[PDB]
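These notes are about the structure you will find just below.
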Amino acid sequence: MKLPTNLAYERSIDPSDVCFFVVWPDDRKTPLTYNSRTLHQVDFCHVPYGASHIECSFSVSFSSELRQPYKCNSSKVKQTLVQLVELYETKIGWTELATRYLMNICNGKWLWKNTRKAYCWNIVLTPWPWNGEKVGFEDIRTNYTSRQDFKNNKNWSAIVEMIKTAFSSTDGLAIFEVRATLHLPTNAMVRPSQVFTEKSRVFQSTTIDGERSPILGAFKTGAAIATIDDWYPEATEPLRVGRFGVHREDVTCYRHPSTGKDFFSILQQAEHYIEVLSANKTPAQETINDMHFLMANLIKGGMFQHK
Amino acid sequence: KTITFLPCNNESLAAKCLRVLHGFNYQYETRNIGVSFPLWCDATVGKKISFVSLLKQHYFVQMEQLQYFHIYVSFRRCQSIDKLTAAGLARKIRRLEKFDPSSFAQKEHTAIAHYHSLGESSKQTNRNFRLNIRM
Amino acid sequence: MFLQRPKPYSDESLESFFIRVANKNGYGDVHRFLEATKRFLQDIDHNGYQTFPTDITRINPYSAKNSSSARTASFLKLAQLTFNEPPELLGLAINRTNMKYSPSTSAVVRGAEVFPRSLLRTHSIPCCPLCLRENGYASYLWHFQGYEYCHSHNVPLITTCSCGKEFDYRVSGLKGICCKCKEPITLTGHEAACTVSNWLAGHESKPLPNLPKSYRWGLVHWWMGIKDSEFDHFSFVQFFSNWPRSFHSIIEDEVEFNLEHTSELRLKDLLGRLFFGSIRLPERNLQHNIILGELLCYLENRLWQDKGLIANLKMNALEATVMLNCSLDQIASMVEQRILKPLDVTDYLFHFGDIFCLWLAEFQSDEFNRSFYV
Amino acid sequence: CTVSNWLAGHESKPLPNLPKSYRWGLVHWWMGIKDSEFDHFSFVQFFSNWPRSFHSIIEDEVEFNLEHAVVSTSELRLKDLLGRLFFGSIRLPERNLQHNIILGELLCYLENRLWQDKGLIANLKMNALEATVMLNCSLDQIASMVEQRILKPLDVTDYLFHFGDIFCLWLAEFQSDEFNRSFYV
Ligand SMILES: [Zn+2]
Ligand SMILES: [Zn+2]
């Protein structure tokens, strides 16, 4: 199935910047600051002395805009890519992909390295089409390690079933409000994300109340909600969801196109997966892991053209 | 004399020679010597360390046996730089606590005009520090 | 974290070692200990903590894609820090190795015993529930084909219980309590596999020779290529039972099929299956690679017999490096100085009466040498 | 007479039980220790303290070249701290550590202290050259493991690797039935 010269989706998951606050005793908040050195300037960000802990704050929407293509000139390519989402949700369901995205929120995977050397950290979720009594995860390092520990929370059903209904409905919304509480040691190393300079360390910052403050990248944050990809051959580490899925530590592509399991080689078998899903025999684990990865690239968005 | 380093980490190699000079001023407890870095480039120290006012002492004999040795300005220690690094800004609060720490803050724009560092340690304890040396 | 070594054994599998720790020291199952272990490596800033498995199936260092170097690096820390007296864990792992077999079979290694990669079990590990109650730990022989019977009780190994369900110690603990029935498993006499698995264990059992653990396991790959089928324990005993005249009995019949099917005859055309499938299985120790030395002793007394038939069998430069245990650069070096006599590497200008005299002159060693089969 | 009994292939205490080849291997090694011709009475007294006279040597050799390091402690190389001991015991005549007891003991006093002292020994720089000497491989197998990155990183003579990276690669990817960790333990 040849790819058009105009194809594009939008992302269904939309994060925001991360704001760093400092909670003194007497329970008041002040945005965290950092330094700047010249003699090539390197910025250093560490907790002040009298602080008690640290808040973080952002917001994610499961917009569910992966239901139909954003722009697609060929109507045969459009009618196929609509039928996979209606067949994935009927034969497999959004329960496996809703749980893996939501664990990355509900533990601190979006807190990249600031988790390291902490005493305890907690997450509190404020879901929007919701009744009340905000969902709170307490003491994640000891209480929550395995997935089961999340499912023993009193409302883990009721929040996966938002993200499913947000992906199932043609206008589904599901806004979340995440807030963390890191109990560091005294004068702790905190690592924010940092700008790109043509070539020593300049942080990405914003302005919160007339003062500079380090902000985790909006793009930096969605790259940790999307660490789901562990469907590659001989998989050990889960990867960030992408086409021909890279690993930036050891600068190599797993799912290289010579493996046959990058995204574009699975899109060309999109008609092939419609006959497998429309039988009655439940398909193999090898051929639904190809479908979990195929849906995670429509949730990611992008442009899928050729020629 | 004027010592020539002929291989080279001169910065870290010149710094061991002062550790002998650190220890030799406790066996005899003098301070009658001077320190002079002639080739103080704006990048390195240079392969010339010189003592002005050694050559027969225990460290420099085995250094000289191998094929590599030959054996105004103000070179002063500047430990005001040591408090600019932000592990010392919180030591300095616990000093001055003896009150609101939250009304103290950072500097957020500092510009350090050509310091220079040579890393060393203690020998009573197991504790490291820096010999900050400028003109 | 701070733990206790159990009773250490010289035949415990690695998967049994992370159950005898995880039961004793207050964890719920094997999954809980692995999850706790991965976090520990994060705190002491090990590089490959992110590759450490939470599955006990992929705990062995061949299951890693790129992180096999960081899996034993993860294993080289736990034996020094998290215990009182250091346990033996690197002596239980199944590491990869580069020891290629004949013709191209790769190998894995567990300490000082090298196994064929093609003889690894991967579907469901058979076990003996009598060792799972009296010894209570898993013998490392259970991870391999060729080992069908338990050599310590003369009883077969179980793979499917009475309710139609299987059994494995990596998912059903070390007690022996299955899934569907949660009962004691109902058991399932021969001799032909019983004496092989006593020889496959590492004891002295006749008529199978006194080979080391690396070389007792190099023959079971070699015999399955002879019969070209599944492994018959009856004929593998009776093949060695009349050494050397049972081993020669194929040899004198190998030539008679290939003499009829005389100077353009080649060593690959006349003695190609016996020689090329027996060089490294696993290595070239002629004290303990008995297949080559007996065939060489057959062919030393056949060098210039039949008007020098075997002396007139042709070899290349590629397949001469397989014999002489060298590279192609030393072959082209002996053409310039002309020690070996006749560039095209696949040229047929070299004969077997010319190569074997060079190996007795310029290419011996301490193990690939004539000094054993004299 | 202790030596001539031992170099005959026969037993004399405390000198070990070895094959005929591996008793000649000690002789060319011990001449490089004195940096002279062979000394026979100091051969006898050296192995009355085996291995703790060889443990007496490696303590002298790492503690000297750290003092006489010309580069910083992160820019140190394996050939610059232990280029004499490690490169003088590899093949005597082979890598069989069951009989080459020199390297087989040397590995024990290298593996144990790896991550002591901030991982000093485990972070020594190495080439693609001397990576092939330790693994008993060729340069092509190094060049194959930089493409697919089993081995974390081409210039062969530029120091790209670390010693604890090459040491742990041998224990999981490059052992043999003779050159492995499970004879000297
Ligand atoms: Zn049993
Ligand atoms: Zn059962």
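Here's how to read the names in the structure tokens: chain A, B, ... by the order shown, residue numbers from 1 in each chain, ligand numbers from 1 in the order shown.
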Query raised in the report: Could you write out as a ChimeraX atom specification the residues of chain B within 10 Å of chain D, counting only C-alpha atoms?
Result: /B:5-14,16,59,62-63,66,68
Report task. Find the residues in chain C near chain D: any atom within 6 Å counts, using only C-alpha atoms. Write them as JSON, numbers by chain. Result -> {"C": [66, 69, 73, 95, 96, 97, 98, 111, 112]}
Could the residues in this selection be saved with N, CA, C and O atoms as a short mmCIF file (atom, residue, chain, number, x, y, z; two decimals), in the first residue's frame?
data_model
loop_
_atom_site.label_atom_id
_atom_site.label_comp_id
_atom_site.auth_asym_id
_atom_site.auth_seq_id
_atom_site.Cartn_x
_atom_site.Cartn_y
_atom_site.Cartn_z
N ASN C 66 22.32 -6.35 23.66
CA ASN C 66 23.61 -5.70 23.72
C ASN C 66 24.18 -5.67 25.13
O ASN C 66 25.36 -5.37 25.30
N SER C 69 27.37 -7.74 28.34
CA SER C 69 28.52 -7.21 29.06
C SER C 69 28.11 -6.48 30.32
O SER C 69 28.89 -6.43 31.28
N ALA C 73 28.28 -7.61 34.47
CA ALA C 73 28.71 -6.47 35.26
C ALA C 73 27.69 -6.14 36.35
O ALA C 73 28.05 -5.57 37.38
N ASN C 95 26.69 -18.22 30.12
CA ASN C 95 27.25 -17.13 29.34
C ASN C 95 27.42 -17.57 27.89
O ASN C 95 27.55 -18.76 27.61
N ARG C 96 27.42 -16.61 26.98
CA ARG C 96 27.77 -16.96 25.62
C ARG C 96 29.28 -17.14 25.49
O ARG C 96 30.06 -16.78 26.37
N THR C 97 29.68 -17.70 24.35
CA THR C 97 31.08 -17.84 23.99
C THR C 97 31.19 -17.98 22.49
O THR C 97 30.22 -18.29 21.80
N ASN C 98 32.40 -17.74 21.99
CA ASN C 98 32.66 -17.72 20.56
C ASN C 98 33.16 -19.05 20.01
O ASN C 98 33.58 -19.10 18.84
N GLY C 111 30.60 -21.59 33.24
CA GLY C 111 31.84 -21.85 33.95
C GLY C 111 32.88 -22.54 33.10
O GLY C 111 33.39 -21.96 32.14
N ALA C 112 33.21 -23.78 33.44
CA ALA C 112 34.21 -24.56 32.72
C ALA C 112 33.59 -25.74 31.97
O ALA C 112 34.16 -26.83 31.91
#
Report task. Could you give me, as a ChimeraX atom specification, each residue of chain D that DSSP assigns to strand (DSSP E) when run on this structure's backbone? Result -> /D:125-126,161-162
Those selected residues, please, written with N, CA and C atoms and delivered as an mmCIF file, in the first residue's frame.
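again_30.cif written:
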data_model
loop_
_atom_site.group_PDB
_atom_site.id
_atom_site.type_symbol
_atom_site.label_atom_id
_atom_site.label_comp_id
_atom_site.auth_asym_id
_atom_site.auth_seq_id
_atom_site.Cartn_x
_atom_site.Cartn_y
_atom_site.Cartn_z
ATOM 1 N N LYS D 125 41.682 3.605 30.174
ATOM 2 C CA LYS D 125 41.477 3.696 28.735
ATOM 3 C C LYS D 125 42.224 2.588 28.007
ATOM 4 N N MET D 126 41.644 2.128 26.899
ATOM 5 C CA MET D 126 42.245 1.093 26.067
ATOM 6 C C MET D 126 41.975 1.411 24.605
ATOM 7 N N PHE D 161 37.813 2.987 24.895
ATOM 8 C CA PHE D 161 37.148 1.964 25.677
ATOM 9 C C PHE D 161 37.635 2.037 27.113
ATOM 10 N N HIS D 162 36.959 1.319 27.995
ATOM 11 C CA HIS D 162 37.357 1.242 29.389
ATOM 12 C C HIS D 162 37.661 -0.201 29.764
#
Query raised in the report: Using only C-alpha atoms and all ligand atoms, which of C:202, C:129, C:218, C:61 sits nearest ligand 1?
Result: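 For ligand 1, the nearest of the given residues is C:129.
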Query raised in the report: How would you write, as an MDAnalysis selection string, the set of residues no farther than 12 Å from ligand 1 when counting only C-alpha atoms and all ligand atoms?
Result: chainID C and resid 126:139 141:142 149:158 174:176 187
Counting only C-alpha atoms, which residues in chain A sit no more than 9 Å from chain D? For each one, give the nearest pair of atoms and the distance in Å, sorted by chain then residue number, as a tab-separated table.
residue	atom	partner	partner_atom	distance
A:250	CA	D:149	CA	7.0
A:251	CA	D:149	CA	8.5
A:252	CA	D:148	CA	7.5
Save out the residues we just selected, N, CA, C and O atoms, as a PDB file, in the first residue's frame.
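So part.pdb came out as:
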ATOM      1  N   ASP A 250      23.103   4.590  23.445  1.00  0.00           N
ATOM      2  CA  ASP A 250      23.921   3.902  22.462  1.00  0.00           C
ATOM      3  C   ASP A 250      23.332   4.217  21.101  1.00  0.00           C
ATOM      4  O   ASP A 250      22.291   3.670  20.728  1.00  0.00           O
ATOM      5  N   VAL A 251      24.029   5.054  20.338  1.00  0.00           N
ATOM      6  CA  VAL A 251      23.418   5.826  19.266  1.00  0.00           C
ATOM      7  C   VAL A 251      23.151   4.878  18.108  1.00  0.00           C
ATOM      8  O   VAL A 251      23.965   4.735  17.191  1.00  0.00           O
ATOM      9  N   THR A 252      22.002   4.207  18.168  1.00  0.00           N
ATOM     10  CA  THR A 252      21.626   3.150  17.242  1.00  0.00           C
ATOM     11  C   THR A 252      20.117   3.082  17.149  1.00  0.00           C
ATOM     12  O   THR A 252      19.398   3.450  18.074  1.00  0.00           O
TER      13      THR A 252
END
Requested in this report: Report as a PyMOL selection string the set of chain A residues whose atoms approach chain C to within 12 Å, with distances computed over only C-alpha atoms.
Outcome: chain A and resi 113+115-119+141-149+230+232-239+249-250+252+254
Could those selected residues go to a file with C-alpha atoms, as a CSV table (one decimal), in the first residue's frame?
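Saved result, out-v7.csv, follows:
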chain,number,residue,atom,x,y,z
A,113,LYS,CA,16.9,12.3,37.0
A,115,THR,CA,13.9,11.1,41.2
A,116,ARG,CA,17.5,9.9,42.0
A,117,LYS,CA,18.5,10.5,45.6
A,118,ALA,CA,15.1,11.1,47.0
A,119,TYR,CA,13.4,10.0,50.2
A,141,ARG,CA,9.5,4.3,45.6
A,142,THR,CA,8.3,1.6,48.2
A,143,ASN,CA,4.5,1.2,47.7
A,144,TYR,CA,4.5,1.2,43.9
A,145,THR,CA,7.1,-0.8,41.9
A,146,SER,CA,5.2,-3.5,40.0
A,147,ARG,CA,2.1,-2.6,37.8
A,148,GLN,CA,-0.2,-4.6,40.2
A,149,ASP,CA,0.6,-2.1,43.0
A,230,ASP,CA,9.5,-2.7,24.3
A,232,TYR,CA,11.4,-4.8,19.3
A,233,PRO,CA,13.3,-8.1,18.8
A,234,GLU,CA,15.2,-9.3,21.9
A,235,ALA,CA,13.8,-6.3,23.8
A,236,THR,CA,15.3,-5.3,27.2
A,237,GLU,CA,14.8,-1.6,27.8
A,238,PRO,CA,11.5,0.2,26.8
A,239,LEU,CA,12.1,3.0,24.3
A,249,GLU,CA,22.3,6.4,24.8
A,250,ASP,CA,23.9,3.9,22.5
A,252,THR,CA,21.6,3.1,17.2
A,254,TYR,CA,16.5,-0.7,17.0
Query raised in the report: Which chains and residue numbers are within 7 Å of ligand 2, counting only C-alpha atoms and all ligand atoms, if I want them as number ranges by chain?
Result: C: 161-165, 178-183, 185
Query raised in the report: Can you list, as a list in words, every protein, DNA or RNA residue that comes within 12 Å of residue C:303 when you count only C-alpha atoms, leaving out same-chain residues fewer than 4 positions away?
Result: residues 295, 296, 297, 298, 299, 307, 308, 309, 310, 311, 312, 313, 351, 352, 353, 354, 355, 356 and 357 of chain C
Requested in this report: Find the residues around residue B:102 up to 9 Å (only C-alpha atoms counted), leave out those fewer than 2 positions away in its own chain, and share them as a ChimeraX atom specification.
Outcome: /A:24,48-51 /B:100,104-105
Export N, CA, C and O atoms of the chosen residues as a JSON list (two decimals), in the first residue's frame?
[["chain", "number", "residue", "atom", "x", "y", "z"],
["A", 24, "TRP", "N", 8.65, 25.93, 51.36],
["A", 24, "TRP", "CA", 9.25, 26.20, 52.64],
["A", 24, "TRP", "C", 8.35, 25.66, 53.74],
["A", 24, "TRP", "O", 7.17, 25.40, 53.50],
["A", 48, "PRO", "N", 17.48, 25.34, 47.64],
["A", 48, "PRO", "CA", 17.94, 26.19, 48.73],
["A", 48, "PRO", "C", 17.94, 25.43, 50.06],
["A", 48, "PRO", "O", 17.41, 24.33, 50.18],
["A", 49, "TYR", "N", 18.54, 26.05, 51.07],
["A", 49, "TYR", "CA", 18.84, 25.32, 52.30],
["A", 49, "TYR", "C", 17.59, 25.05, 53.12],
["A", 49, "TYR", "O", 17.27, 23.89, 53.41],
["A", 50, "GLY", "N", 16.86, 26.09, 53.50],
["A", 50, "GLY", "CA", 15.77, 25.89, 54.44],
["A", 50, "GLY", "C", 14.51, 25.25, 53.90],
["A", 50, "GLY", "O", 13.52, 25.16, 54.63],
["A", 51, "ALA", "N", 14.52, 24.80, 52.65],
["A", 51, "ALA", "CA", 13.36, 24.24, 51.99],
["A", 51, "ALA", "C", 12.95, 22.91, 52.62],
["A", 51, "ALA", "O", 13.76, 22.23, 53.25],
["B", 100, "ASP", "N", 15.61, 34.20, 59.11],
["B", 100, "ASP", "CA", 14.85, 33.69, 57.97],
["B", 100, "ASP", "C", 15.81, 33.28, 56.87],
["B", 100, "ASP", "O", 16.43, 34.15, 56.24],
["B", 104, "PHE", "N", 17.13, 34.96, 52.17],
["B", 104, "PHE", "CA", 18.37, 34.86, 51.43],
["B", 104, "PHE", "C", 18.10, 34.20, 50.08],
["B", 104, "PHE", "O", 17.20, 33.36, 49.94],
["B", 105, "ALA", "N", 18.90, 34.57, 49.08],
["B", 105, "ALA", "CA", 18.67, 34.09, 47.73],
["B", 105, "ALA", "C", 20.00, 33.89, 47.03],
["B", 105, "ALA", "O", 21.07, 33.99, 47.64]]
Can you check which residues of chain B have any atom within 9 Å of chain A? Use only C-alpha atoms and format it as an mmCIF file with N, CA, C and O atoms, in the first residue's frame.
data_model
loop_
_atom_site.group_PDB
_atom_site.id
_atom_site.type_symbol
_atom_site.label_atom_id
_atom_site.label_comp_id
_atom_site.auth_asym_id
_atom_site.auth_seq_id
_atom_site.Cartn_x
_atom_site.Cartn_y
_atom_site.Cartn_z
ATOM 1 N N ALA B 86 28.082 26.519 44.460
ATOM 2 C CA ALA B 86 26.853 26.523 45.234
ATOM 3 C C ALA B 86 26.715 25.350 46.192
ATOM 4 O O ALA B 86 25.623 25.136 46.726
ATOM 5 N N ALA B 87 27.775 24.582 46.423
ATOM 6 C CA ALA B 87 27.778 23.708 47.585
ATOM 7 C C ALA B 87 28.242 24.455 48.822
ATOM 8 O O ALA B 87 28.061 23.974 49.943
ATOM 9 N N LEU B 89 27.469 27.871 49.291
ATOM 10 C CA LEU B 89 26.497 28.901 49.617
ATOM 11 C C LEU B 89 25.546 28.450 50.716
ATOM 12 O O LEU B 89 24.942 29.291 51.388
ATOM 13 N N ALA B 90 25.418 27.139 50.928
ATOM 14 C CA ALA B 90 24.554 26.621 51.981
ATOM 15 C C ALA B 90 25.330 26.256 53.234
ATOM 16 O O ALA B 90 24.747 26.223 54.324
ATOM 17 N N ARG B 91 26.624 25.943 53.103
ATOM 18 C CA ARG B 91 27.507 25.975 54.264
ATOM 19 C C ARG B 91 27.520 27.355 54.898
ATOM 20 O O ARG B 91 27.454 27.480 56.125
ATOM 21 N N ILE B 93 25.253 29.590 54.937
ATOM 22 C CA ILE B 93 24.036 29.910 55.673
ATOM 23 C C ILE B 93 24.081 29.310 57.072
ATOM 24 O O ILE B 93 23.716 29.969 58.053
ATOM 25 N N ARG B 94 24.562 28.069 57.194
ATOM 26 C CA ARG B 94 24.652 27.438 58.507
ATOM 27 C C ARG B 94 25.714 28.087 59.379
ATOM 28 O O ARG B 94 25.654 27.977 60.609
ATOM 29 N N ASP B 100 15.605 34.202 59.107
ATOM 30 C CA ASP B 100 14.849 33.694 57.970
ATOM 31 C C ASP B 100 15.808 33.283 56.867
ATOM 32 O O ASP B 100 16.427 34.155 56.237
ATOM 33 N N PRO B 101 15.963 31.986 56.589
ATOM 34 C CA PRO B 101 16.791 31.587 55.446
ATOM 35 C C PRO B 101 16.130 31.866 54.116
ATOM 36 O O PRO B 101 16.830 32.002 53.107
ATOM 37 N N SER B 102 14.803 31.972 54.086
ATOM 38 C CA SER B 102 14.101 32.122 52.821
ATOM 39 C C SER B 102 14.251 33.512 52.229
ATOM 40 O O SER B 102 14.058 33.675 51.022
ATOM 41 N N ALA B 105 18.899 34.568 49.083
ATOM 42 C CA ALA B 105 18.668 34.087 47.730
ATOM 43 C C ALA B 105 20.003 33.887 47.028
ATOM 44 O O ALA B 105 21.072 33.991 47.636
ATOM 45 N N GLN B 106 19.922 33.590 45.733
ATOM 46 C CA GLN B 106 21.078 33.326 44.894
ATOM 47 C C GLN B 106 21.525 34.613 44.213
ATOM 48 O O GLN B 106 21.094 35.714 44.562
ATOM 49 N N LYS B 107 22.406 34.488 43.228
ATOM 50 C CA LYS B 107 22.920 35.643 42.504
ATOM 51 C C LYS B 107 22.459 35.675 41.055
ATOM 52 O O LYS B 107 22.232 36.760 40.507
ATOM 53 N N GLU B 108 22.405 34.500 40.420
ATOM 54 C CA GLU B 108 21.751 34.187 39.151
ATOM 55 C C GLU B 108 22.466 34.740 37.922
ATOM 56 O O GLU B 108 22.129 34.367 36.798
ATOM 57 N N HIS B 109 23.477 35.584 38.117
ATOM 58 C CA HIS B 109 24.307 36.102 37.030
ATOM 59 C C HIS B 109 25.655 36.439 37.650
ATOM 60 O O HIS B 109 25.818 37.520 38.223
ATOM 61 N N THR B 110 26.612 35.532 37.528
ATOM 62 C CA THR B 110 27.947 35.782 38.034
ATOM 63 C C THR B 110 28.953 35.645 36.904
ATOM 64 O O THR B 110 28.705 34.966 35.905
ATOM 65 N N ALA B 111 30.078 36.334 37.058
ATOM 66 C CA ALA B 111 31.093 36.428 36.017
ATOM 67 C C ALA B 111 32.453 36.421 36.688
ATOM 68 O O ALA B 111 32.855 37.421 37.288
ATOM 69 N N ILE B 112 33.158 35.302 36.593
ATOM 70 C CA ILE B 112 34.381 35.082 37.349
ATOM 71 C C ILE B 112 35.558 35.323 36.420
ATOM 72 O O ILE B 112 35.753 34.580 35.452
ATOM 73 N N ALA B 113 36.345 36.352 36.723
ATOM 74 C CA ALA B 113 37.325 36.893 35.784
ATOM 75 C C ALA B 113 38.641 36.141 35.936
ATOM 76 O O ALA B 113 39.535 36.565 36.668
ATOM 77 N N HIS B 114 38.740 35.014 35.226
ATOM 78 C CA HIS B 114 39.968 34.247 35.003
ATOM 79 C C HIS B 114 40.592 33.769 36.319
ATOM 80 O O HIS B 114 41.670 34.191 36.734
ATOM 81 N N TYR B 115 39.862 32.882 36.977
ATOM 82 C CA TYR B 115 40.476 32.099 38.031
ATOM 83 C C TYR B 115 41.219 30.926 37.413
ATOM 84 O O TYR B 115 41.233 30.746 36.193
#
Query raised in the report: Do you have the atom CA of residue C:80-atom CA of residue D:99 distance handy?
Result: 26.8 Å
Requested in this report: Take atom CA of residue C:117 and atom CA of residue C:91 and report the distance between them in Å, one decimal.
Outcome: 18.4 Å
Query raised in the report: Residues at most 12 Å from residue A:259, counting only C-alpha atoms, excluding those fewer than 4 positions away in the same chain, as a PyMOL selection string?
Result: chain A and resi 232-233+244-245+253-255+263-266
Export of the given selection (C-alpha atoms) as a PDB file, in the first residue's frame:
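Written out: part_18.pdb:
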ATOM      1  CA  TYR A 232      11.405  -4.791  19.321  1.00  0.00           C
ATOM      2  CA  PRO A 233      13.292  -8.121  18.767  1.00  0.00           C
ATOM      3  CA  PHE A 244      12.506   3.135  13.362  1.00  0.00           C
ATOM      4  CA  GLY A 245      12.792   3.524  17.117  1.00  0.00           C
ATOM      5  CA  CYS A 253      18.243   2.345  15.797  1.00  0.00           C
ATOM      6  CA  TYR A 254      16.513  -0.671  16.965  1.00  0.00           C
ATOM      7  CA  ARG A 255      13.661  -1.383  14.551  1.00  0.00           C
ATOM      8  CA  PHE A 263       6.703   1.929  11.293  1.00  0.00           C
ATOM      9  CA  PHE A 264       6.648   2.384   7.523  1.00  0.00           C
ATOM     10  CA  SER A 265       7.040  -1.333   6.869  1.00  0.00           C
ATOM     11  CA  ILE A 266       4.068  -2.036   9.145  1.00  0.00           C
TER      12      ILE A 266
END
Near residue C:77, counting only C-alpha atoms, which residues have an atom at most 10 Å away, once you skip same-chain residues fewer than 5 positions from it, shown as a tab-separated table (two decimals) with N, CA, C and O atoms, in the first residue's frame?
chain	number	residue	atom	x	y	z
C	41	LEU	N	20.62	-1.50	41.84
C	41	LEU	CA	21.67	-1.10	40.91
C	41	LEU	C	21.55	0.37	40.53
C	41	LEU	O	22.55	1.00	40.17
C	44	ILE	N	23.37	2.56	43.35
C	44	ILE	CA	24.83	2.56	43.33
C	44	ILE	C	25.36	2.84	41.93
C	44	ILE	O	26.54	2.60	41.66
C	46	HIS	N	25.05	1.86	38.73
C	46	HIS	CA	25.52	0.91	37.74
C	46	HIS	C	24.98	1.33	36.38
C	46	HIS	O	23.90	1.91	36.28
C	72	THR	N	26.59	-9.45	33.33
C	72	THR	CA	27.60	-9.95	34.25
C	72	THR	C	28.29	-8.83	35.01
C	72	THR	O	28.82	-9.08	36.09
C	82	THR	N	26.01	-7.33	48.62
C	82	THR	CA	24.72	-7.55	49.25
C	82	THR	C	24.66	-8.82	50.08
C	82	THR	O	23.55	-9.24	50.44
D	112	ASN	N	38.72	-8.04	41.67
D	112	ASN	CA	38.29	-7.73	43.06
D	112	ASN	C	38.32	-6.23	43.38
D	112	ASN	O	37.36	-5.75	44.01
D	115	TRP	N	36.01	-1.75	41.28
D	115	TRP	CA	35.25	-0.56	41.63
D	115	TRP	C	35.62	-0.01	43.00
D	115	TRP	O	34.94	0.88	43.51
